[PDB]
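Here the structure is laid out as structure tokens; the discussion comes afterwards.
All values below come from the heavy atoms of this structure, side chains included, with hydrogens, waters and symmetry mates left out. Numbers restart at 1 for each chain; the letters A, B, ... are given by sequence-line order, proteins then strands.
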Amino acid sequence: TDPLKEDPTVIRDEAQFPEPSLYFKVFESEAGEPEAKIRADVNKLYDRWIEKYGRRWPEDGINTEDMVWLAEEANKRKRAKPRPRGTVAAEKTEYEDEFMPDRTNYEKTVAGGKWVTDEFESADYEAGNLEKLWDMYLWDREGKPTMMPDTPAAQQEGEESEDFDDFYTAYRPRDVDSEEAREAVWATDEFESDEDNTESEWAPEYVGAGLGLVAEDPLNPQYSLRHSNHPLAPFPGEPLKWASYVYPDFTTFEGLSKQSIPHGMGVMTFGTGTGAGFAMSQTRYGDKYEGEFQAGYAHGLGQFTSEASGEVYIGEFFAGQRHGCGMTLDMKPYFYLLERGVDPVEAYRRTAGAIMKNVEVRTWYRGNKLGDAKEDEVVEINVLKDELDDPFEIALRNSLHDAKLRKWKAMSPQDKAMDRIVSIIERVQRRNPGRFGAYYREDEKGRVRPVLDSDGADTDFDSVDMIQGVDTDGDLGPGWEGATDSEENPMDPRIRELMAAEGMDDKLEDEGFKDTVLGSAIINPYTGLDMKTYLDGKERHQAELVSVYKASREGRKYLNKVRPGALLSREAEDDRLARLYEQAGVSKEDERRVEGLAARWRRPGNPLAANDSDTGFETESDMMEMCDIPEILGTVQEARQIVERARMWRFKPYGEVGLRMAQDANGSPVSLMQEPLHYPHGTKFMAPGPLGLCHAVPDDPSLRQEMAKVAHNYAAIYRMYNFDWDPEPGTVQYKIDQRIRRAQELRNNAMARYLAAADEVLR
Amino acid sequence: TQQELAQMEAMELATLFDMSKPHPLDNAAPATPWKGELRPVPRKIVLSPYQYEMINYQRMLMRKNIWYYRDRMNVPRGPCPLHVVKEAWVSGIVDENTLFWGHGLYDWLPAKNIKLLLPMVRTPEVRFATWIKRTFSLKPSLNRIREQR
Amino acid sequence: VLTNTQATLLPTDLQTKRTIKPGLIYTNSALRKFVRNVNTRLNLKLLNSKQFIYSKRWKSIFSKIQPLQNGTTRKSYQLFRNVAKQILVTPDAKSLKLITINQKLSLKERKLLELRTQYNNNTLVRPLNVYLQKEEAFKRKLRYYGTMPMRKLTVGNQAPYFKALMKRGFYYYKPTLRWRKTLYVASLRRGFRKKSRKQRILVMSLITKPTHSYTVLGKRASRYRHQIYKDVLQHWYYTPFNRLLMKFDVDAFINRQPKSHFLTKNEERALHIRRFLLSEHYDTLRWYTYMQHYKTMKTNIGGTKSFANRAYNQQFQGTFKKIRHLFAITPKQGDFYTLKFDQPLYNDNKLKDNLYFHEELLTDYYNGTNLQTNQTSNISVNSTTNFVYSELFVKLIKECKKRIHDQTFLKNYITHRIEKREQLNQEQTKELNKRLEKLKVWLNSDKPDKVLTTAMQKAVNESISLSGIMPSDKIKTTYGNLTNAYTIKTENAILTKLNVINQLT
Amino acid sequence: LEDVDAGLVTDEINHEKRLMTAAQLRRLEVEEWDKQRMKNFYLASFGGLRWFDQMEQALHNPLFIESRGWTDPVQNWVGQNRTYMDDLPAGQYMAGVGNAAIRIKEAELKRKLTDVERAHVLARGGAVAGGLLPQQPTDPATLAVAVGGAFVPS
Amino acid sequence: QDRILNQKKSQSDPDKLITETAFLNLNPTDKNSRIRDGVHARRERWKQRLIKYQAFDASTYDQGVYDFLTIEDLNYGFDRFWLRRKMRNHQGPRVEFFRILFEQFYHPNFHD
Amino acid sequence: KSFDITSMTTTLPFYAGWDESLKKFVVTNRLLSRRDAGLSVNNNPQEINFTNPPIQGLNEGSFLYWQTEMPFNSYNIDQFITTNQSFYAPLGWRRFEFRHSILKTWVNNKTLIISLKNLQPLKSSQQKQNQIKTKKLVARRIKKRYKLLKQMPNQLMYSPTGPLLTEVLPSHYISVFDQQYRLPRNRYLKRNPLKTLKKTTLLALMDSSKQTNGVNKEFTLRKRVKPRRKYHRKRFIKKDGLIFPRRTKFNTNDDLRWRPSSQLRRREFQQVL
Amino acid sequence: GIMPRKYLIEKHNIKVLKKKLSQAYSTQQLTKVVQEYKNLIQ
Ligand SMILES: O=P(O)(O)O[C@H]1[C@@H](OP(=O)(O)O)[C@@H](OP(=O)(O)O)[C@@H](OP(=O)(O)O)[C@@H](OP(=O)(O)O)[C@H]1OP(=O)(O)O
Ligand SMILES: [Mg+2]
């Protein structure tokens, strides 16, 4: 009845090695390994043999019908909707055996059927498959390609030769996708006919500190770290090692390491250079960081101390860069008075009050303090800003929020995807709507002409954005050089206009070189679209150009001598809107009077929001919500805990840092008492076993204070691993055990209610 | 009336492991009086082949380990291969409660809570010499130092 | 269930007639919808019914200096006043002296500054609204402790470098195609091992499928047969008769440990459970519990800001993907012993001492001694519970000479605006005419359901795969689907506006 | 309270919207980057100016690629780790209460339950407790239900 | 781990300057010199599927290094045993394969 | 309860020595300060300051000596390798416009003469837009200047980078270059499409256009769907080069369709560990 | 090859400061805050 007090007088386990529930399965996490594909096919064969004969073994062997069943019936990957079926032939036989002739293969093989060898080669079948996919003739009667260049490649022009399968799959009619293109050319081999792309290859997950994850196993959250390089990720190959490093600049590291990189906990002392992702001007010789390390950076909780300046920081770090809540102290008067020969008790009595009054508790964003540019009042201000709108807009946008939730709840998945596509396009058009209807013009004398603005551009896009980058408001980013303030020291005119004119010269030379190299190859033969237009992202211009030319006077003369860009029209939209008014019974005079009451009363939201529906995952905050006092106290408390655990890696016996940096009053090395069997000079009380208990501790009170503190920390470590069998009522473990027993009883009751419901339903 | 009971038990399950919200069963009396007893000694263990192979795999991972321990001043002591650990155990310098570290661990643990360390240490000669040293050297010295001071 | 701090923010005597699912997100959603509904009702009721700020410092400065006391400062003032009235003063501004001391504030900024002056001097759901926006901002702050995107590269931000080194600065073992390529290559020596494939026909869709592997003598049957042999031999390698000597040695070795160290699977599961509940109990004793946004932190992050202060196993040697089919590593697999390098235990005696204290320390050593940082933290927790017009004239006419009225400036601008623009026009017409000739080649020989580009079709299919519903088939998205979705969106917006207009009568 | 009980919580709905937006935006950005790399490769190869080789190399930079986030799963874009919940076994051992009831009912009565009676059984069983039993990973009492089924009787 | 044990001669040449101590501190991913063309060295059938590397682990005190040749592949169990299978080649496929596997290597998880 | 959860202890090892003020043999934990350990020694009343134990600077020879042993490395030496310099200053490309993919706009909607007296002062938001456009032309003149682009193989060094983001990186950053990507020839085609329309391709286009009722077809030029077979398979040569496809007949539902008439060296792989 | 790039951290800090006090609808504080930051650069 009591699960926590089962009788352990017989302990026995019945589990085999290898365990069949762990061995005979392919995991979903094993996607991206080709041997897993071979193993999945073999496991399907095992299941088929089990359901036929009760064992994982065939009666004779692998048959031909197992191969057909594996190729056709087992893997049945999902395609698009099938094309309209044809009932009559649209071609006629000209010579003999020109065409292939007009229950499944597996059950034909089961009922007696042999597979003998055909005489045609593989390239003929793949050519026929490509012709059926394109639905057009891809070779002529003489054997020469129609849609492909039939001359050998010009080696001096920079070209190489291509086979027809590569060309007719990489250049294809846009209603053929990559997977049926691979199927038509018989791309089958798991190891050599497949390559991973650069954007789709597997990588370890980034998890940061590792908090806030979804646990696959609720009792063991650490199992969710298994696909990452977190320091507590289970089984990372090589063990974490105790590293003691002296660098050539005399920076030293001591603590845990992963593949020789500081990546767990430890202590770094700074030499003439720098370390742990700190900037070069932050450190001096002999400064110290203690705490958490990830990938060589100070990352997590820690303490920075400088003896030279007296600065102490306790708090959070992100990538070596002082991010989050922190406490700052100035210990310089105490250190200064200690350096001039004052004993520490008298020095503390002189300096403690002035040190305590100057403690600072703050929020840091990225190496810099917050709270001087109104960061603590921004959220409230934005709330008040939403109250300064006219009432019609407020009522309308709240109604929009409710209606958007209601219609998203009722959508199909395909409707949901198309809705998000439309939202993305509306987000894009607020920065570049295009110039639809104003790319080309037809002036007098016919003569189609391009439409340019005052700076010669036919589009709003500029490709110098890819190098420098742009901001949220459309301003260009920082360059290679620059003044500190571009409003205090603007660029001198006569230089701005001279460089603008020379920039137009560069643009003209750009168009000339690109038209020389790429302007001759044809992408779309029906519209006259070429590679220079296509690869520059100007297909919109080409559709407008075809439409404008076909209605030009030269266009109609050429056409009878031989003999756009919008989904909806304005009139249809106005008709739909006018129809949609009269369903609700709203005349236009109702809109006139609502606009009258709106006119009589004459970035919308929280900037630090978490889940905005309209996002590009690109707009950055340059602040956070500032820490209150209890959060700062909690993180200082936890950081001191972390600093104690980090200082446990500080003197590796016979490590390099201890051998080189532990010195006497002169520069001479000392023999540290760290040897495991010898306790010299009356220090046998320090031994942790029974030999230490029978020896006398000296009568210095501060040493006994220190020993009591060390014993307290050891008991705190001990209680986390050793537990009582029968805990006394009134203790913490008794409370925990009572809650565990209650959890089992409640789950059993809920299970009994589902069994009652199942017996009621099945009747 | 079962529906009221089921909703109350579901909301009880929702806050059961909230450690800051008190529960009526946290200090309830046990059914029998407490009389705090020890777990009985199991005296008979039959291992599965799974357990045998897991012990062998762990022994393979731990073959090349160099150990370290802490003393009563929280100072780490010297490089300890297995025979140095055996010498320190026999001499009484360390015991099963001493904090240790080796490869495979993130932090310092007592020796009894580190898997397979005590079976590696406790050779029959080691057990006999540890008993000799405890009985005839350290306990008379402990009684002498208790009487003398 | 809503806390005491929320309960004094909303107006009281509200009755709840329905049971809401437990959790913080449902409570906060209900309060947020309540604030929304009250503001909507207030603005509907309000719509159905019937300031020049100056600067103290600049005004004091410009009153301090005097013209008119002599002809020199008077003439400086006259010159500046002439030029400033010509170019600096806009027609709707009424005086130069008035706008030189005007604080040029926008309408919303001066309204908010009046409101903040009114607040510092001395509605319905405004404090509740402010509280809910604070906890939204705190959730955005809490995202830094987990996985996040870093899609903006800026000067001074070291975080994307940390992400790149975390994802690529270490080797993670996984048997990809890259790993199989780096281990063993074919080393051909007699030409290619693979050859062109031979189709088969049977003797008793659009695409002809490959039937070359419908034989037991092919390459695929060989690969399957090789995998089957490897499975059989891996199982035979661990049969008991083959492992017998190992079974002796381990039986000696594991019997050197004390008998109380052997545990049942239920016992090791129970000890694991007790370990993490003891961590939760210790987490309830920190300063984090006095935060206003505590229990938003607790349900998203936990009771601490570090994983190393929680309960975890010591599994830091060996390789995860080599061990995956051999040993269970988490309890949510079957009832097995998990592979670990640490063991929790039951106490096998009564702890008469504290087990780590020396005997001489047991006489009155109960210190709790405190240093400087401890005392400062305790104190903070207890606190918790002439010549101007001439200079301006010179600067103004010098700037007016620089950026206006400069003929070399005008020359560079006009070459830019006219000559190079018509050059770009000429090259654009030349490229246009080449494209038109290429089009007329097809036009000379000639006698809705259109799909989108490949990027759009792939984006739609990947989101449908992430929809969470049972996986549907691939589709080819057209322009009719896109125009239907756009019209549905615009219909929803127009209909909710007409509903509000019907409420406004 | 009626809107919250109908399931129109803003947190879940906007999370689904942001996941779908992240997937579509990642695909569109990858395709545009592919077209630009193709253009610079052709200008370098058939044109002969090696500045376009350097532009193609700058577009192919690892810091730029993992800054764009194209190699990480899009769940990570909305702050969630990718999970594999079907990899864990679905037996009697640590199943949910409804699923474990289906396996108790499916042990005896040798007829494996189809979809419609399983749907009816779980619907009625959830109707008994008012729908307050945990169904998601973010629901509180997920940990309590996991603790309550962790012990195998013998 | 002295610096002169790893010093190479003449930048463009990646071979060690001191060949008398070149056996010390070798990783399993270091290249084997017996695979150079023109060398008539021993036959090493235990390494035939990992022929470019020195595919064994003989490491000391705390100097083990593992990069894409894992600890389990180098020195554990059936992974190590299966990687060295070319040592045990002698020097139809339809029916006799399963019959020989049933008669020779019996196991109840397949054959029972 | 105390503020500290754990006790803070000094964690220093002990040693024996002479005290000089107590004038006694003493066990203590007082070690020399880290602000001057390693820089100096005092083996006499006179003091030796050591001349080179911490390196205080770095050139190319000493960087080549200590390349894998430093805790940091700076931009000052890493300018002169282009992949490293791209790691320090990457491209700033953000906020993509998808001009290749967005081809339509859902709704449709010339040297004018202007007198100065009819013209209103401009609002401060569009004024900013004009300044932005001029700055983009200035940026093109600084960054993509072709007089420098033409002489960049052999006379000058003009590479496209973004702004410099960091001055110092951790030394193991070059490990992110270890798993190489493919050469672009292995991703894209090396051959152009057709530059002219012959007679047979015009016949094929007319047949295809007749099957689709003048809606025609659109085409796309993408990357490869597979690697090329001749590097891992023996292929039949087909030395005349003529294909003759093998398939079933075209379908519908005169109007009848007609065909138009008139030892091995090994590579060095990149996708390797 | 000595193509020069400058480290532009201070310009970025000024621009961030302007954006931060423009988000808080108080650009009347801009000259004093930017001036004291430029003084503390010195
Ligand atoms: O060049 P024109 O065709 O003679 O145009 C001029 C003149 O232009 P310019 O002085 O630049 O040559 C003025 O135009 P603005 O200088 O004001 O731009 C003028 O305006 P005012 O006489 O009022 O100064 C007026 O333009 P408008 O026709 O708008 O009055 C006028 O044209 P007229 O030939 O019609 O006088
Ligand atoms: Mg945004």
Side-chain angles (χ1 to χ4, degrees), chain A residues 86 89-91 99-100 124 127-128 131 136-137 139-141 143 146 160 162 169-171 173-174 178 181-182 187 192 198 247-248 250-251 272 275 286 296 432 436 462 464 466 469 478 499-500 502-503 509 520-521 526 537 566-567 641 644 647 651 661 663 666-667 670 672-673 681 709 712, chain F residues 6-7 9 11 13-16 27 32 34-35 37 41-42 54-56 71 92-94 97 99-100 105-106 108 136-141 146 163 170 181 189-193 195 200-201 204 208 216-218 220-221 225-226 232 242-243 245-252 257 259-261:
Chain A
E91 288 177 293
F99 298 103
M100 281 165 78
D124 311 324
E131 270 195 353
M136 67 184 287
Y137 291 101
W139 288 271
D140 52 50
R141 286 273 188 201
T146 55
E160 293 179 353
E162 298 279 355
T169 53
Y171 173 68
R174 203 179 261 182
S178 285
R182 278 180 56 95
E192 275 171 323
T198 284
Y247 290 108
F250 283 9
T251 290
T272 55
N432 189 13
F436 285 91
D462 209 305
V464 65
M466 292 174 45
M499 293 183 286
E502 292 184 332
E509 197 154 2
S520 190
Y526 293 114
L567 301 174
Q641 219 170 14
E644 185 75 24
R647 283 148 59 91
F651 278 91
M661 305 286 180
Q663 291 159 39
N666 310 327
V670 302
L672 295 168
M673 301 163 154
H681 292 301
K709 277 191 272 179
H712 175 266
Chain F
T6 63
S7 302
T9 74
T11 310
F14 286 84
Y15 73 102
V27 183
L32 185 64
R34 285 300 297 262
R35 276 185 298 176
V41 69
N42 213 353
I55 285 146
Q56 315 211 26
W93 193 15
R94 304 184 279 270
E97 282 166 345
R99 302 195 301 128
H100 296 80
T105 188
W106 301 306
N108 51 3
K136 282 176 182 184
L137 273 177
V138 173
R140 177 175 290 273
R141 196 250 180 264
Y146 290 175
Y181 314 124
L189 292 178
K190 280 300 292 297
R191 184 78 195 260
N192 277 312
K195 303 196 185 293
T200 47
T201 186
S208 166
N216 297 325
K217 279 170 94 72
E218 286 169 342
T220 182
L221 176 69
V225 305
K226 67 176 191 72
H232 67 258
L242 322 171
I243 284 305
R246 178 47 178 223
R247 56 163 175 92
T248 46
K249 290 204 257 196
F250 280 149
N251 273 334
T252 45
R257 308 176 68 177
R259 197 174 285 278
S261 198

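Ranked by heavy-atom pairs under 4.5 Å with chain A, the first of F:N251, F:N42, F:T252 is F:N251. Contact count versus chain A (heavy atoms, under 4.5 Å) is highest, among F:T105, F:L242, F:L137, for F:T105. Taking chain A as the reference chain and counting heavy-atom pairs below 4.5 Å, the highest number among F:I55, F:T200, F:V138, F:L221 is found for F:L221. Between chain A and the residues F:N108, F:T201, F:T6, F:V41, the most heavy-atom pairs under 4.5 angstrom are made by F:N108. When each of F:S208, F:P54, F:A204 is scored by its heavy-atom pairs under 4.5 Å with chain A, the top score falls to F:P54. Considering only heavy-atom pairs separated by less than 4.5 Å from chain F, the leading option among A:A127, A:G286, A:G128 is A:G128. Considering only heavy-atom pairs separated by less than 4.5 Å from chain F, the leading option among A:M466, A:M499, A:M673 is A:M466. Ranked by heavy-atom pairs under 4.5 Å with chain F, the list A:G537, A:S178, A:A521 is led by A:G537.
A search for side-chain contact (heavy atoms from CB on, under 4.5 Å) contacts involving F:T220 returns A:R172, A:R174, A:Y534, C:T454, D:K35, F:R222, not counting sequence neighbours. Shown here are the side-chain hydrogen bond (donor to acceptor under 3.5 Å, both in side chains) partners of F:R259, two or more places apart in sequence or in another chain: A:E131.
The shortest non-hydrogen separation linking A:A89 to F:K249 is CB-CE, 4.0 Å. The two residues F:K217 and A:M136 come nearest to each other via the heavy atoms CE-SD, 4.1 Å. Considering all non-hydrogen atoms of both residues, A:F99 and A:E91 come closest at CE2-OE1, 3.6 Å. Scanning all heavy atoms of the two residues, the minimum distance from A:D140 to F:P260 falls at CB-O, 3.3 Å.
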Problem - From CA spacing to verdict: side-chain contact (heavy atoms from CB on, under 4.5 Å), A:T169, A:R182 - result: CA-CA 8 Å; A:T169 53; A:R182 278 180 56 95; over 6 Å; no
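Only the side chain of F:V27 comes within contact range of chain A, judged by heavy atoms closer than 4.5 Å. For chain F, the nearby parts of A:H681 are the backbone and the side chain; heavy atoms of each come within less than 4.5 Å. For F:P193, the parts lying under 4.5 angstrom from a heavy atom of chain A are both the backbone and the side chain. When heavy atoms are compared at a cutoff of 4.5 Å, A:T272 approaches chain F solely by way of its side chain, counted from C-beta outward. Proximity to chain F (any heavy atom under 4.5 Å) is shown, for A:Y171, by both the backbone and the side chain.
For the pair A:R141 and A:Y137, the cation does not sit on the ring face, since its NZ or CZ is not both under 6.0 Å from the ring centre and inside 45° of the axis.
Look at F:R140 and A:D462 and you find a salt bridge, because one of the NZ, NE, NH1 or NH2 atoms lies within 4.0 Å of a carboxylate O, short of that distance.
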